[PDB]
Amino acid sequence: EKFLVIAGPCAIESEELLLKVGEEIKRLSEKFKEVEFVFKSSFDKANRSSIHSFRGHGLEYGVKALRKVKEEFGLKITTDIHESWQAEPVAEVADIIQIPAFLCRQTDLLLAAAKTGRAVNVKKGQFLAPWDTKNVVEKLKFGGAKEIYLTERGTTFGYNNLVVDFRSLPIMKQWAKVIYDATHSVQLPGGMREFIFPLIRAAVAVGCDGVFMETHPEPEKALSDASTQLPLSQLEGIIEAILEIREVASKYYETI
């Protein structure tokens, strides 16, 4: 099956930033034709820890910026919603509607996304067990979602730390396509970047249907996830690497 690579700057810092990243993602989509790329960027960081942190420039601006990316590069789009009313407006540009990890149990949000007819990707909450996602998918199917993804992004392990239990990949594969979030899984809630590559190598060796990676031209200047966003120049190398590992491991992937 065609491997999915969801990537883009964590937050829509500006339409300019988006075009710059999109340009590179477009180039890579031309090279890695066996990969389905989907450009991601949040129009709003609605769950920041601090009231003083960057959130975004609003829904309107963001959707317009995402529209430009899709229009200028012919790239599929994905962004996350935080309240039910945003599903409709966002569905006008997003090919995949993303559900935030903290909100993976909010029935109305999932239902709002499902009725748009768009694909839906749910980030597995840090409090959720792998088998607890079966009901999440049920809610979505009940709501009319026909293309569903579950994203592994780490589990609460003591305070201010997350651990990736790779057993979750084959478990969740029982009821949906599985995505591995390479950048959020190594973040320390409320020692990081050095683990992105090795853990993504593990994900494809175990077997998943795609990877999710935040990437920014200059991570140290990012207004969001400055410690975990992957430098844009490193994207190509990481993708080639996972495709290589995926291929050699592929014959051993177990059948659900």
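Don't overthink the numbering: it's just position in the shown sequence, from 1.
Looking at the other PDB entries for this protein, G62 is present in the model in all of those that include the residues around it, rather than absent from a third. In the comparison with other entries of the same protein, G190 is left without coordinates in at least one third of those covering both sides of it.
In this entry, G190 and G191 are separated by 4 to 9 residues of the deposited sequence that lack coordinates. Stretch comparison (68-76 versus 140-148) by mean CA B-factor in the PDB entry places 68-76 on top.
Of the two segments examined, 201-209 and 26-34, it is 26-34 that shows the higher average Cα temperature factor in the deposited entry. Per the deposited record, the Cα B-factor of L4 falls in the middle third when ranked against the other modelled residues of its chain. Ranked by C-alpha B-factor against the other modelled residues of its chain, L19 falls in the highest third.
The deposited CA B-factor of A241 belongs to the middle third of values across its chain.
When the modelled residues of the chain are ordered by C-alpha B-factor, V120 sits in the lowest third. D181: CA B factor lies in the lowest third for its chain, per the PDB record.
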